[PDB]
Amino acid sequence: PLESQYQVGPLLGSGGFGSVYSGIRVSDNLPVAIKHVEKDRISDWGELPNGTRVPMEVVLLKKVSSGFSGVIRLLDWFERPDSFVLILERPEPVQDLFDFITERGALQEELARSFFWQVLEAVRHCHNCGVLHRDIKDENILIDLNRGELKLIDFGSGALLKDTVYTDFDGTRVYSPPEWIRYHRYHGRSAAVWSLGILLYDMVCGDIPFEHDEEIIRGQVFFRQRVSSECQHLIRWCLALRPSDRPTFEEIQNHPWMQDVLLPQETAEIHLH
Ligand SMILES: Nc1cc(-c2ccc(Cl)c(Cl)c2)[nH]n1
């Protein structure tokens, strides 16, 4: 069973998502993260290609967990009487982007460009797999410090991607779009672009732009740090009040600020090593 298959290490973190432990797969010593989610705390349920009742998080992770290293991979899952247990890949050494920005302050634009580009590629992978993350933020991004590779985590607030309106949201409010705040309605892709604007501002300024609902609704972006005109333009574009005024992923990646991105290994060599 699960208890013999894995060696439990220390608790890495806990919160709205549940409890995550460091671990080692006993067969090949592979580093893993063991996430526990109480059944009574799971509101969104779904079903696998076969039809088993599992948390939506398990459905979404299976849909995105293949080849590409931009999303944390689900290695296995187990059902207990009162909880679900998820075995996830664990990079080592690792640091989440929130901790990284807290320690190092506002990121140099070359570093933010590399990081932002990788988040965009990861989000595009999710969308191509029919998955909407809904909680893109610094806390949900892991940095593989040796490889300079970023990984999206916590699909616990996610949903299957659709072209119709979403009327439910349980992600982070300060990353949520004005249409959600005002009307309790949003479309997946344009809401994801808004959160990407919040994230980019956070990378280059060292803090999020808006705290209150009134600020989100006004959508007036003030720069507290020195940020290039091209970067400011891209941020203000992702943060357009009207969802239809926001750039598509293609338009973000073709933006003049996004040109000449460093490869992840070059990024680790210059900024992380
Ligand atoms: N899909 C996921 C992935 C994680 C996760 C959180 C924290 C760590 Cl240190 C790791 Cl390795 C993974 N939580 N939920």
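Note that the numbers count up from 1, one per residue, in the order the chain is shown.
Positions of Cβ are set from backbone N, Cα and C atoms, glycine also.
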Phosphoserine per Swiss-Prot, picking from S19, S43, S66, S228, lands on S66
Position flagged as phosphoserine [Swiss-Prot], chosen from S65, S229: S229
Of the recorded positions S66, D135, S229, which one has its Cα closest to the Cα of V20 (ATP binding site)? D135
Would you mind checking how many other C-beta atoms are within 10 angstroms of the C-beta on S66 (phosphoserine)? 10
If the criterion is a C-beta within less than 6 angstroms of any ligand 1 atom, which of the recorded positions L12, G16, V20, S66 pass it? List them in sequence order. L12, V20
Select the closest residue to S14 (ATP binding site) from the following recorded positions, measuring between CA atoms: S66, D135, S229. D135
Measuring Cα to Cα, how many Å separate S229 (phosphoserine) from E89 (ATP binding site)? 38
Counting only residues 6+ away in sequence within the same chain, which have a CB under 8 Å from the CB of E89 (ATP binding site)? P31, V32, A33, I72, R73, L75
